[PDB]
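Below is one structure, written out as structure tokens; the observations come after it.
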Amino acid sequence: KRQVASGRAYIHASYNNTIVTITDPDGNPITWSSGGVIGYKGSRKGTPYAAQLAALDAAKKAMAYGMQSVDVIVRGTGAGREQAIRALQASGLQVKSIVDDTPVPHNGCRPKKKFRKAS
Amino acid sequence: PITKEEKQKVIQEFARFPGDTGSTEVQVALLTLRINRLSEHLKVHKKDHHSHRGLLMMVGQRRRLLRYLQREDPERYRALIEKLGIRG
Amino acid sequence: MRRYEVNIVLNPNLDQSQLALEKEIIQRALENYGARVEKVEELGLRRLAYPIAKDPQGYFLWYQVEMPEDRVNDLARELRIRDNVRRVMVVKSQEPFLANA
Amino acid sequence: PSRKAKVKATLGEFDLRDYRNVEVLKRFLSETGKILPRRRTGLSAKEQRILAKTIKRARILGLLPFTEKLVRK
RNA sequence: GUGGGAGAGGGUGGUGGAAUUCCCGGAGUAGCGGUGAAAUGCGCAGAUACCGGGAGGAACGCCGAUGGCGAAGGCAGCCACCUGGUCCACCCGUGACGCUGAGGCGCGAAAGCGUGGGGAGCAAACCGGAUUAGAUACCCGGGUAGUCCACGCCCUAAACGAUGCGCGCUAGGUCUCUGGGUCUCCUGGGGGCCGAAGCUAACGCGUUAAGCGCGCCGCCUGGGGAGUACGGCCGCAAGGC
Ligand SMILES: NC[C@@H]1O[C@H](O[C@H]2[C@@H](O)[C@H](O[C@@H]3[C@@H](O)[C@H](N)C[C@H](N)[C@H]3O[C@H]3O[C@H](CO)[C@@H](O)[C@H](O)[C@H]3N)O[C@@H]2CO)[C@H](N)[C@@H](O)[C@@H]1O
Ligand SMILES: NC[C@@H]1O[C@H](O[C@H]2[C@@H](O)[C@H](O[C@@H]3[C@@H](O)[C@H](N)C[C@H](N)[C@H]3O[C@H]3O[C@H](CO)[C@@H](O)[C@H](O)[C@H]3N)O[C@@H]2CO)[C@H](N)[C@@H](O)[C@@H]1O
Ligand SMILES: [K+]
Ligand SMILES: [K+]
Ligand SMILES: [K+]
Ligand SMILES: [K+]
Ligand SMILES: [K+]
Ligand SMILES: [K+]
Ligand SMILES: [Mg+2]
Ligand SMILES: [Mg+2]
Ligand SMILES: [Mg+2]
Ligand SMILES: [Mg+2]
Ligand SMILES: [Mg+2]
Ligand SMILES: [Mg+2]
Ligand SMILES: [Mg+2]
Ligand SMILES: [Mg+2]
Ligand SMILES: [Mg+2]
Ligand SMILES: [Mg+2]
Ligand SMILES: [Mg+2]
Ligand SMILES: [Mg+2]
Ligand SMILES: [Mg+2]
Ligand SMILES: [Mg+2]
Ligand SMILES: [Mg+2]
Ligand SMILES: [Mg+2]
Ligand SMILES: [Mg+2]
Ligand SMILES: [Mg+2]
Ligand SMILES: [Mg+2]
Ligand SMILES: [Mg+2]
Ligand SMILES: [Mg+2]
Ligand SMILES: [Mg+2]
Ligand SMILES: [Mg+2]
Ligand SMILES: [Mg+2]
Ligand SMILES: [Mg+2]
Ligand SMILES: [Mg+2]
Ligand SMILES: [Mg+2]
Ligand SMILES: [Mg+2]
Ligand SMILES: [Mg+2]
Ligand SMILES: [Mg+2]
Ligand SMILES: [Mg+2]
Ligand SMILES: [Mg+2]
Ligand SMILES: [Mg+2]
Ligand SMILES: [Mg+2]
Ligand SMILES: [Mg+2]
Ligand SMILES: [Mg+2]
Ligand SMILES: [Mg+2]
Ligand SMILES: [Mg+2]
Ligand SMILES: [Mg+2]
Ligand SMILES: [Mg+2]
Ligand SMILES: [Mg+2]
Ligand SMILES: [Mg+2]
Ligand SMILES: [Mg+2]
Ligand SMILES: [Mg+2]
Ligand SMILES: [Mg+2]
Ligand SMILES: [Mg+2]
Ligand SMILES: [Mg+2]
Ligand SMILES: [Mg+2]
Ligand SMILES: [Mg+2]
Ligand SMILES: [Mg+2]
Ligand SMILES: [Mg+2]
Ligand SMILES: [Mg+2]
Ligand SMILES: [Mg+2]
């Protein structure tokens, strides 16, 4: 119980899971959700539908804190990123803006063999 | 590095006559300058090989010029060596 | 003797006293290392593109000098000692290369 | 094909080697902090090559960004 | 020689931001991760996701290319110092001083060795989870040497253009890097493509020759046995010639 009413929405999307963290404008989190929070267990967490459910859960949880406008921040390239976006777009939350913050190294660290043939 | 003034100094020093930039003596002189400078560079920085190749090439060129002089005019050869102080 | 350009970025929060002291130390250290100052541009505070030392802005000094090459590096060291100096970049001066002329 | 505009043609007389001039150099950076390609800058090999170094200099001096956040999407 | 030019050519010192991991603080809750699907693993001693601060190690995103440099190996954030090669213009100087080069000497990716340091990420061996008929593998979670620095060894390779070096001659067209000029164009050096003559078993090469010629070096002589055995030299060893 805070009554923030305006804040940020972080979408962390990977080919495995999608997970959403809604925070106050300082960056400190309020609530969060993910494909695991909904009943989905295995690979189904990577599903766009799982992402939709996740974003919606996070939004509805943040409604209870009485939040209205959000700033969307997107990270990672994964299935069901845009679906999470569209989910938050009309959740009843006003989406003020969207930004892709995905971290790209300037080539610091040798990737796992999985991600190699790159740096 | 090597400034124009030093270069002109050694040229006019070893020039066989006024206006001579190209004589064997002048060439050997200039090369000796570059060689000594590079060796003093390579006492420190002794892990720099790419330059050491250049040193090798310069030494070679000098030895060929000196050889030529020695063949044509042994007097000028001796004089040049004594003036430079080569041969160790 | 070569012609360089010293860039110095210091704390924007400095009151005129501390600032004057810093510029004083810059002059001092400069003369100590034998650099003649051809000209100077004080650009004051400007808005950095990224936070430096947690501060969103910075104060800019630019000196076009002429100094013995051998000690240039040795100069920068000294200039970086002061806490209030958050950036030092020394650059060999170059004739301007104009585009779209 | 980048038929919108070239950064060189959209600009006047200026010095490529001046790292302190932001209001020009900024035009050579993308929506993100990235240096633009020859397609966008309309420069030449030599020109672009000098632009790169001066831009990097400006970056270190704190005048230009290394990176930025992508708006919209 | 004088005057100019371009470059990730080399060595030393300093320095910049992005990211990964770890630590500290805030906020926050039931999972995160991973896969074809999973499980091991991590998480209620509060992880994942988010903000802030700090430590350290390694590599330099965009520029960036079909680009540039180097004899080869190879070279990429930025700054300064030291230093090698090279190209053009002038037509100034010496006067055949040239080319090649057995042996010698130096350089020589990665892996590997010795001593000391360092250790973030990655990762032989190894410990587990899967898959499978089995799986001493591919996939997943960990992880030591090592990868990094200094000093000294090692001397190998699909060390490749699978094309030794130098010089002369033999249509052009086109793209490009880099100089000069009376700057549509001409001229010089370098990197590509298509092609005259010619060559080639063919594929293809074709002023960057695999064409026409001269000089000098290295090498080949059916396949397996075999880059083995013996001897010698080199090496701390692995092993090399
Ligand atoms: N070499 C390092 C680099 O040099 C760049 O610039 C280099 C080149 O552009 C410049 O060229 C010089 C110049 O005097 C002019 N263009 C002609 C001259 N022959 C060249 O000098 C050349 O020959 C001499 C030996 O005589 C070498 O010592 C030197 O390394 C070499 N560049 O000399 C500089 C040093 O070699 C930039 N400073 C930077 O990229 C970096 O420091
Ligand atoms: N750091 C600049 C470079 O340093 C080289 O040598 C330096 C580095 O290779 C070496 O590593 C140092 C290390 O001593 C010190 N204890 C920690 C420091 N972070 C390291 O410095 C470097 O480490 C690696 C490259 O090795 C880089 O990724 C990193 O950005 C850089 N900081 O330390 C040397 C100096 O003590 C060469 N001089 C040349 O490449 C260049 O000047
Ligand atoms: K290339
Ligand atoms: K071993
Ligand atoms: K021109
Ligand atoms: K044919
Ligand atoms: K072909
Ligand atoms: K050999
Ligand atoms: Mg999953
Ligand atoms: Mg030769
Ligand atoms: Mg300081
Ligand atoms: Mg270099
Ligand atoms: Mg270097
Ligand atoms: Mg960091
Ligand atoms: Mg914590
Ligand atoms: Mg784990
Ligand atoms: Mg673990
Ligand atoms: Mg437990
Ligand atoms: Mg457990
Ligand atoms: Mg509990
Ligand atoms: Mg604990
Ligand atoms: Mg436990
Ligand atoms: Mg974490
Ligand atoms: Mg942090
Ligand atoms: Mg540590
Ligand atoms: Mg690239
Ligand atoms: Mg003449
Ligand atoms: Mg004559
Ligand atoms: Mg030879
Ligand atoms: Mg030999
Ligand atoms: Mg080796
Ligand atoms: Mg090694
Ligand atoms: Mg070792
Ligand atoms: Mg050790
Ligand atoms: Mg690992
Ligand atoms: Mg593994
Ligand atoms: Mg196993
Ligand atoms: Mg089977
Ligand atoms: Mg060991
Ligand atoms: Mg090849
Ligand atoms: Mg070829
Ligand atoms: Mg080639
Ligand atoms: Mg050839
Ligand atoms: Mg040969
Ligand atoms: Mg030759
Ligand atoms: Mg050509
Ligand atoms: Mg090339
Ligand atoms: Mg052809
Ligand atoms: Mg024919
Ligand atoms: Mg044919
Ligand atoms: Mg070749
Ligand atoms: Mg030929
Ligand atoms: Mg043989
Ligand atoms: Mg052979
Ligand atoms: Mg036989
Ligand atoms: Mg055999
Ligand atoms: Mg063998
Ligand atoms: Mg025998
Ligand atoms: Mg034997
Ligand atoms: Mg022995
Ligand atoms: Mg063995």
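Quick one: Cα centre-to-centre distance for the stretch D:28-73 and the stretch C:1-79, in angstrom?
For the stretch D:28-73 versus the stretch C:1-79, the Cα centre distance is 26 Å.
Let's see if you can work this out: charge +1 on each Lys and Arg Cβ, -1 on each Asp and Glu Cβ, no other charges. What is the dipole magnitude of chain A about its Cα centre, in debye to the nearest 20?
Value, rounded to 20: 680 debye.
Could you estimate the translational diffusion coefficient of chain A from the Stokes-Einstein equation, with Rh from the Kirkwood formula over C-alpha pairs, at 20 °C and 1.002 mPa s, in whole µm²/s?
Translational D for this selection: 147 µm²/s.
For the ranges C:2-11, A:94-103, what's the packing order if you count other beta-carbon atoms within 10 Å of each residue, average per peptide, and put the highest first?
C:2-11, A:94-103
How do the peptides C:74-87, A:44-57, B:22-35 rank, highest first, by the average count of neighbouring beta carbon atoms within 10 Å per residue?
Ranked by mean Cβ neighbours within 10 Å, highest first: A:44-57, B:22-35, C:74-87.
Relative to the longest principal axis of the C-alpha atoms of chain B, give the angle of the C-alpha long axis of helix B:49-72, reported between 0 and 90° and rounded to the nearest 10°.
Rounded to the nearest ten degrees, it is 10.
Which distance in Å, rounded to a whole number, links the C-alpha centroids of the stretch A:60-119 and the stretch B:20-51?
Using only Cα atoms, the two centres lie 62 Å from each other.
From the residues A:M67, A:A90, C:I8, which one has its Cα farthest along the dipole of the protein assembly as shown in the positive direction, the dipole being from +1 and -1 charges on Cβ of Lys/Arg and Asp/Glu about the Cα centre?
A:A90
Rounded to whole Hz and in sequence order, give me ³J(HN,Hα) for the stretch A:46-58 from the Karplus expression 6.51 cos²θ - 1.76 cosθ + 1.60, θ = phi - 60°, writing x for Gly and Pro.
Coupling constants for the stretch A:46-58: x, 4, x, 5, 4, 5, 4, 4, 5, 4, 5, 4, 4 Hz.
For chain C, take every pair of Cα atoms, bin their distances at 10 Å starting from 0, and report each bin as a whole percent.
Once binned at 10 Å, the Cα pair distances of chain C give 14, 46, 30, 9, 1.
For the stretch D:2-41, evaluate the Debye formula with one uniform point scatterer on each Cα (no solvent term) and list log10 I(q)/I(0) at q = 0.18, 0.31 Å⁻¹, rounded to two decimals.
Rounded to two decimals, the profile gives -0.50, -1.27.
Rounded to whole Hz and in sequence order, give me ³J(HN,Hα) for the stretch B:20-26 from the Karplus expression 6.51 cos²θ - 1.76 cosθ + 1.60, θ = phi - 60°, writing x for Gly and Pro.
8, 9, x, 5, 4, 4, 4
For the protein assembly as shown, what is the percent of antiparallel DSSP beta bridges, rounded to the nearest 5?
75 percent
Kindly provide the pair-distance distribution of the protein assembly as shown built from C-alpha pairs, with 20 Å bins from 0 and whole-percent values in order of increasing distance.
Bin by bin from 0 Å, the calculated values are 19, 33, 31, 12, 5, 0.
Going by a ≥ b ≥ c, the root eigenvalues of the Cα gyration tensor, does chain B fall in the rounded group (a/c under 1.5), the prolate group (a/b larger than b/c) or the oblate group?
oblate
Quick check: residue separation of C:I25 and C:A76 times 0.36 nm, minus the Cα distance between them. What number comes out in nm?
Fully extending the segment from C:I25 to C:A76 adds 17.1 nm.
Suppose every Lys and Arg Cβ carries +1 and every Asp and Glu Cβ carries -1, with no other charges. What dipole size does chain D come out with about its Cα centre, to the nearest 20 debye?
Rounded to the nearest 20 debye, it is 400 debye.
Mean projection of the alpha-carbon convex hull of chain D over all orientations, in nm²?
5.3 nm²
Nearest 10 degrees, 0 to 90: what angle lies between the long axis of helix B:74-84 and the longest principal axis of chain B (Cα atoms)?
40 degrees
Pick from D:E23, D:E47, D:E31: which residue has the top mean-square fluctuation in a GNM of chain D where Cα pairs under 10 Å get a spring?
It is D:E23.
Shielding of D:10-22 by partners, i.e. mean partner chain Cβ atoms within 10 Å per residue?
4
I'd like the mean, over residues of D:61-71, of how many other protein chain beta carbons sit within 10 Å of each residue's own Cβ.
6
No Cβ is skipped: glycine too gets one built from the backbone with ideal geometry, and neighbour counts run over all protein chains shown. Read-outs throughout are calculated quantities, based only on the coordinates presented, and are distinct from any laboratory measurement.
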